[PDB]
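Student: The structure follows.
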Amino acid sequence: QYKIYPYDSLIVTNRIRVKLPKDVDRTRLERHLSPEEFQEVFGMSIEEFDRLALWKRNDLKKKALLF
């Protein structure tokens, strides 16, 4: 559905090093990050995300330096 981009480059914390590409969204960047990376960068299991709601996925994303 989307293009699996690198978390190291996707992380806003690297905004100083490099900026995000053009073929990437900012509203739902979660879909641009692999499942193993999302659960590895967040801490919980990938299953938790799917079980959680959007509002939650968004909040956690920002905390993970995704937004």
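Each chain in the structure tokens gets a letter, A, B, ..., in the order shown, and its residues are numbered from 1; ligands are numbered from 1 in order too.
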Can you tell me, as a list in words, what residues are no more than 7 Å from region 1-6 of chain A when counting only C-alpha atoms, ignoring any on the same chain fewer than 4 positions away?
Tutor: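 Residues meeting the cut-off are residues 10, 31, 32, 33 and 34 of chain A.
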Student: Just N, CA and C atoms for this one: save the residues we selected as an mmCIF file, in the first residue's frame.
Tutor:
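Okay, result.cif is ready:
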data_model
loop_
_atom_site.group_PDB
_atom_site.id
_atom_site.type_symbol
_atom_site.label_atom_id
_atom_site.label_comp_id
_atom_site.auth_asym_id
_atom_site.auth_seq_id
_atom_site.Cartn_x
_atom_site.Cartn_y
_atom_site.Cartn_z
ATOM 1 N N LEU A 10 13.506 8.348 8.433
ATOM 2 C CA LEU A 10 12.133 8.797 8.638
ATOM 3 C C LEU A 10 12.013 9.613 9.921
ATOM 4 N N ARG A 31 2.239 3.549 8.179
ATOM 5 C CA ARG A 31 2.132 2.602 7.076
ATOM 6 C C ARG A 31 3.415 2.583 6.250
ATOM 7 N N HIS A 32 4.255 3.594 6.448
ATOM 8 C CA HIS A 32 5.516 3.694 5.722
ATOM 9 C C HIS A 32 6.643 3.014 6.492
ATOM 10 N N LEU A 33 6.337 2.563 7.704
ATOM 11 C CA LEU A 33 7.324 1.894 8.544
ATOM 12 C C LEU A 33 6.960 0.427 8.749
ATOM 13 N N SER A 34 7.919 -0.457 8.493
ATOM 14 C CA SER A 34 7.700 -1.891 8.648
ATOM 15 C C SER A 34 7.091 -2.202 10.012
#
Student: So how far away is CA of residue 26 (chain A) from CA of residue 7 (chain A), in Å?
Tutor: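 Those two atoms sit 13.4 Å apart.
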